[PDB]
file protein.txt (compact mmCIF, N, CA and C atoms)
# COMPACT_ATOMS: atom_id res chain seq x y z
N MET C 1 75.48 88.10 77.47
CA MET C 1 76.36 88.97 78.30
C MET C 1 77.81 88.46 78.35
N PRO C 2 78.62 88.75 77.31
CA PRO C 2 80.06 88.50 77.32
C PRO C 2 80.85 89.73 77.81
N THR C 3 82.01 89.51 78.43
CA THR C 3 82.84 90.62 78.93
C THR C 3 84.33 90.34 78.73
N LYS C 4 85.03 91.32 78.16
CA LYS C 4 86.48 91.25 77.97
C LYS C 4 87.20 92.31 78.82
N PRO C 5 87.92 91.90 79.88
CA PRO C 5 88.65 92.84 80.75
C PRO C 5 89.89 93.46 80.08
N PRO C 6 90.40 94.59 80.61
CA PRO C 6 91.62 95.24 80.08
C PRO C 6 92.85 94.31 80.12
N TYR C 7 92.81 93.33 81.02
CA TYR C 7 93.87 92.31 81.12
C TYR C 7 93.27 90.90 80.97
N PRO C 8 93.16 90.40 79.72
CA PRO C 8 92.56 89.08 79.43
C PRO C 8 93.35 87.89 80.01
N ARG C 9 92.68 86.75 80.14
CA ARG C 9 93.31 85.53 80.67
C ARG C 9 94.13 84.82 79.58
N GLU C 10 95.39 85.22 79.45
CA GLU C 10 96.28 84.67 78.42
C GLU C 10 97.56 84.07 79.02
N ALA C 11 97.99 82.92 78.49
CA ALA C 11 99.20 82.24 78.96
C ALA C 11 100.13 81.89 77.79
N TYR C 12 101.30 81.34 78.11
CA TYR C 12 102.29 80.95 77.09
C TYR C 12 103.20 79.81 77.60
N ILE C 13 104.13 79.38 76.75
CA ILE C 13 105.03 78.26 77.08
C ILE C 13 106.50 78.72 77.10
N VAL C 14 107.30 78.13 77.99
CA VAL C 14 108.75 78.41 78.06
C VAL C 14 109.57 77.11 78.03
N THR C 15 110.45 76.98 77.04
CA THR C 15 111.29 75.78 76.90
C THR C 15 112.59 75.89 77.70
N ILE C 16 112.75 75.03 78.71
CA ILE C 16 113.94 75.04 79.56
C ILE C 16 114.68 73.69 79.52
N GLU C 17 115.83 73.63 80.20
CA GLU C 17 116.61 72.40 80.32
C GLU C 17 116.88 72.06 81.79
N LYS C 18 116.82 70.78 82.13
CA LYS C 18 117.09 70.32 83.51
C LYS C 18 118.07 69.14 83.54
N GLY C 19 118.44 68.72 84.74
CA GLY C 19 119.31 67.55 84.90
C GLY C 19 120.76 67.91 85.16
N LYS C 20 121.67 67.21 84.49
CA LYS C 20 123.11 67.39 84.69
C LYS C 20 123.67 68.50 83.77
N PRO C 21 124.69 69.25 84.24
CA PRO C 21 125.29 70.36 83.47
C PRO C 21 125.73 69.95 82.06
N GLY C 22 126.14 68.69 81.90
CA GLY C 22 126.48 68.17 80.58
C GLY C 22 125.32 67.41 79.93
N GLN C 23 124.64 66.58 80.73
CA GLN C 23 123.50 65.79 80.25
C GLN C 23 122.17 66.45 80.63
N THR C 24 121.72 67.37 79.79
CA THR C 24 120.45 68.09 80.03
C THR C 24 119.25 67.41 79.35
N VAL C 25 118.06 67.61 79.93
CA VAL C 25 116.80 67.08 79.38
C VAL C 25 115.82 68.24 79.09
N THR C 26 115.03 68.09 78.03
CA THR C 26 114.10 69.16 77.59
C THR C 26 112.82 69.20 78.46
N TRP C 27 112.49 70.39 78.98
CA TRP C 27 111.27 70.59 79.78
C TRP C 27 110.48 71.82 79.32
N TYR C 28 109.17 71.78 79.52
CA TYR C 28 108.27 72.87 79.12
C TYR C 28 107.53 73.47 80.34
N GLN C 29 107.75 74.75 80.60
CA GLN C 29 107.07 75.45 81.69
C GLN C 29 105.89 76.29 81.18
N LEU C 30 104.73 76.13 81.80
CA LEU C 30 103.56 76.95 81.50
C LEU C 30 103.55 78.22 82.37
N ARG C 31 103.74 79.37 81.74
CA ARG C 31 103.73 80.66 82.46
C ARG C 31 102.76 81.63 81.79
N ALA C 32 102.24 82.58 82.55
CA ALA C 32 101.25 83.53 82.04
C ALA C 32 101.57 84.97 82.45
N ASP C 33 101.27 85.92 81.57
CA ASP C 33 101.46 87.35 81.87
C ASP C 33 100.57 87.79 83.04
N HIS C 34 99.56 86.98 83.35
CA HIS C 34 98.58 87.28 84.39
C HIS C 34 98.59 86.20 85.49
N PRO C 35 98.71 86.58 86.78
CA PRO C 35 98.82 87.98 87.21
C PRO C 35 100.25 88.55 87.07
N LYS C 36 101.23 87.67 86.93
CA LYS C 36 102.64 88.07 86.78
C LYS C 36 103.37 87.13 85.80
N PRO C 37 104.30 87.67 84.98
CA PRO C 37 104.98 86.88 83.93
C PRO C 37 105.96 85.85 84.50
N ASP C 38 106.21 85.92 85.81
CA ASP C 38 107.05 84.93 86.50
C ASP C 38 106.20 83.84 87.17
N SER C 39 104.87 83.96 87.04
CA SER C 39 103.94 82.99 87.64
C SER C 39 103.95 81.66 86.88
N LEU C 40 104.60 80.66 87.46
CA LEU C 40 104.64 79.31 86.89
C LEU C 40 103.37 78.53 87.29
N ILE C 41 102.63 78.06 86.30
CA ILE C 41 101.40 77.30 86.55
C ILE C 41 101.69 75.79 86.70
N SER C 42 102.36 75.21 85.71
CA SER C 42 102.68 73.78 85.71
C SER C 42 103.85 73.46 84.77
N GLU C 43 104.53 72.34 85.02
CA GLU C 43 105.68 71.92 84.20
C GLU C 43 105.42 70.56 83.55
N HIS C 44 105.82 70.41 82.29
CA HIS C 44 105.62 69.15 81.55
C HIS C 44 106.81 68.86 80.62
N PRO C 45 107.20 67.57 80.48
CA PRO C 45 108.33 67.18 79.61
C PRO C 45 107.98 67.22 78.11
N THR C 46 106.69 67.28 77.78
CA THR C 46 106.24 67.29 76.38
C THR C 46 105.52 68.60 76.01
N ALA C 47 105.65 69.00 74.75
CA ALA C 47 105.02 70.23 74.25
C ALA C 47 103.48 70.16 74.32
N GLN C 48 102.91 69.02 73.93
CA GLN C 48 101.45 68.85 73.92
C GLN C 48 100.82 69.12 75.29
N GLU C 49 101.41 68.56 76.35
CA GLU C 49 100.91 68.80 77.71
C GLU C 49 100.95 70.30 78.07
N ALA C 50 101.95 71.01 77.56
CA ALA C 50 102.07 72.45 77.80
C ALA C 50 100.96 73.24 77.08
N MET C 51 100.70 72.87 75.83
CA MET C 51 99.63 73.51 75.04
C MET C 51 98.25 73.21 75.64
N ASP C 52 98.05 71.96 76.05
CA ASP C 52 96.79 71.53 76.67
C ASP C 52 96.57 72.27 78.01
N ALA C 53 97.61 72.30 78.84
CA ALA C 53 97.57 73.02 80.12
C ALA C 53 97.28 74.51 79.91
N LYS C 54 97.87 75.09 78.85
CA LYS C 54 97.59 76.47 78.46
C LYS C 54 96.08 76.68 78.24
N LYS C 55 95.44 75.73 77.55
CA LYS C 55 93.98 75.77 77.37
C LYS C 55 93.24 75.66 78.72
N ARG C 56 93.71 74.78 79.61
CA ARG C 56 93.12 74.65 80.95
C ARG C 56 93.12 75.99 81.71
N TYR C 57 94.14 76.82 81.46
CA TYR C 57 94.23 78.14 82.08
C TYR C 57 93.30 79.17 81.40
N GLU C 58 93.17 79.07 80.08
CA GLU C 58 92.44 80.09 79.29
C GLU C 58 90.96 79.74 79.09
N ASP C 59 90.61 78.46 79.19
CA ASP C 59 89.22 78.01 79.03
C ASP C 59 88.38 78.33 80.29
N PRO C 60 87.04 78.46 80.13
CA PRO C 60 86.14 78.81 81.25
C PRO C 60 86.11 77.76 82.37
N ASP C 61 86.78 76.62 82.15
CA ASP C 61 86.87 75.57 83.17
C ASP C 61 87.68 76.04 84.39
N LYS C 62 88.74 76.82 84.14
CA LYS C 62 89.50 77.44 85.23
C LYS C 62 88.74 78.67 85.76
N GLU C 63 88.03 78.47 86.86
CA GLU C 63 87.21 79.52 87.48
C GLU C 63 88.06 80.56 88.24
N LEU C 64 87.42 81.66 88.63
CA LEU C 64 88.11 82.72 89.38
C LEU C 64 88.59 82.19 90.75
N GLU C 65 89.90 81.93 90.84
CA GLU C 65 90.48 81.30 92.03
C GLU C 65 91.07 82.34 93.01
N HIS C 66 90.68 83.60 92.85
CA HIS C 66 91.06 84.65 93.80
C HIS C 66 90.25 84.51 95.10
N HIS C 67 90.93 84.30 96.22
CA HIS C 67 90.25 84.06 97.50
C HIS C 67 89.33 85.22 97.90
N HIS C 68 88.05 84.88 98.07
CA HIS C 68 86.99 85.85 98.38
C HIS C 68 87.32 86.72 99.60
N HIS C 69 87.50 88.03 99.37
CA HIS C 69 87.74 89.00 100.44
C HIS C 69 88.93 88.59 101.34
N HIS C 70 89.95 87.97 100.74
CA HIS C 70 91.15 87.53 101.48
C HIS C 70 90.82 86.41 102.49
N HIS C 71 89.85 85.57 102.15
CA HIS C 71 89.50 84.40 102.97
C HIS C 71 90.14 83.11 102.40
call {"tool": "encode", "arguments": {"input": "protein.txt", "output": "structure tokens"}}
result
Amino acid sequence: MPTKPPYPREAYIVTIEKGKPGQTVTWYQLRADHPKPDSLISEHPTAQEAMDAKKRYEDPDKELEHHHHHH
């Protein structure tokens, strides 16, 4: 019994810069189209942590975290 919803659990990575206006540092933000494309999950200074975190969001290990009946 497998099931694929009309809106699958998919995420992506966004490369940003932080720090001083002249001296910037490279950062990676994990964001997902679900439930909203502005939903930031986690931030990491390395690409690998972003890809790994992306798997943590898309793998069955991340359970349905929607609060039961608004509880």
call {"tool": "atom_distance", "arguments": {"input": "protein.txt", "atom1": "atom C of residue 25 (chain C)", "atom2": "CA of residue 45 (chain C)"}}
result
7.6 Å
call {"tool": "atom_distance", "arguments": {"input": "protein.txt", "atom1": "atom C of residue 46 (chain C)", "atom2": "atom C of residue 24 (chain C)"}}
result
14.2 Å
call {"tool": "closest_residue", "arguments": {"input": "protein.txt", "among": "C:59, C:21, C:66, C:14", "to": "residue 37 (chain C)", "atoms": "only C-alpha atoms"}}
result
C:14
call {"tool": "residues_near_point", "arguments": {"input": "protein.txt", "point": "(97.7, 83.3, 81.5)", "cutoff": "7 Å", "atoms": "only C-alpha atoms", "output": "ChimeraX atom specification"}}
result
/C:9-12,31-34,57-58
call {"tool": "write_last_selection", "arguments": {"input": "protein.txt", "atoms": "N, CA and C atoms", "output": "mmCIF file, keeping the file's coordinate frame"}}
result
data_model
loop_
_atom_site.group_PDB
_atom_site.id
_atom_site.type_symbol
_atom_site.label_atom_id
_atom_site.label_comp_id
_atom_site.auth_asym_id
_atom_site.auth_seq_id
_atom_site.Cartn_x
_atom_site.Cartn_y
_atom_site.Cartn_z
ATOM 1 N N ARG C 9 92.680 86.750 80.140
ATOM 2 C CA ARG C 9 93.310 85.530 80.670
ATOM 3 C C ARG C 9 94.130 84.820 79.580
ATOM 4 N N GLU C 10 95.390 85.220 79.450
ATOM 5 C CA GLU C 10 96.280 84.670 78.420
ATOM 6 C C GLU C 10 97.560 84.070 79.020
ATOM 7 N N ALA C 11 97.990 82.920 78.490
ATOM 8 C CA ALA C 11 99.200 82.240 78.960
ATOM 9 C C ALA C 11 100.130 81.890 77.790
ATOM 10 N N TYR C 12 101.300 81.340 78.110
ATOM 11 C CA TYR C 12 102.290 80.950 77.090
ATOM 12 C C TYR C 12 103.200 79.810 77.600
ATOM 13 N N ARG C 31 103.740 79.370 81.740
ATOM 14 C CA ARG C 31 103.730 80.660 82.460
ATOM 15 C C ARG C 31 102.760 81.630 81.790
ATOM 16 N N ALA C 32 102.240 82.580 82.550
ATOM 17 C CA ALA C 32 101.250 83.530 82.040
ATOM 18 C C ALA C 32 101.570 84.970 82.450
ATOM 19 N N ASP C 33 101.270 85.920 81.570
ATOM 20 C CA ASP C 33 101.460 87.350 81.870
ATOM 21 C C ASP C 33 100.570 87.790 83.040
ATOM 22 N N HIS C 34 99.560 86.980 83.350
ATOM 23 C CA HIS C 34 98.580 87.280 84.390
ATOM 24 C C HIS C 34 98.590 86.200 85.490
ATOM 25 N N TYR C 57 94.140 76.820 81.460
ATOM 26 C CA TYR C 57 94.230 78.140 82.080
ATOM 27 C C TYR C 57 93.300 79.170 81.400
ATOM 28 N N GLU C 58 93.170 79.070 80.080
ATOM 29 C CA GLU C 58 92.440 80.090 79.290
ATOM 30 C C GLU C 58 90.960 79.740 79.090
#
call {"tool": "select_by_dssp", "arguments": {"input": "protein.txt", "residues": "chain C", "states": "alpha helix (DSSP H)", "output": "PyMOL selection string"}}
result
chain C and resi 47-58
call {"tool": "atom_distance", "arguments": {"input": "protein.txt", "atom1": "CA of residue 35 (chain C)", "atom2": "CA of residue 4 (chain C)"}}
result
15.8 Å
call {"tool": "residues_around", "arguments": {"input": "protein.txt", "residues": "residue 42 (chain C)", "least_positions_apart": "2", "cutoff": "7 Å", "atoms": "only C-alpha atoms", "output": "list in words"}}
result
residues 29, 30, 40 and 44 of chain C
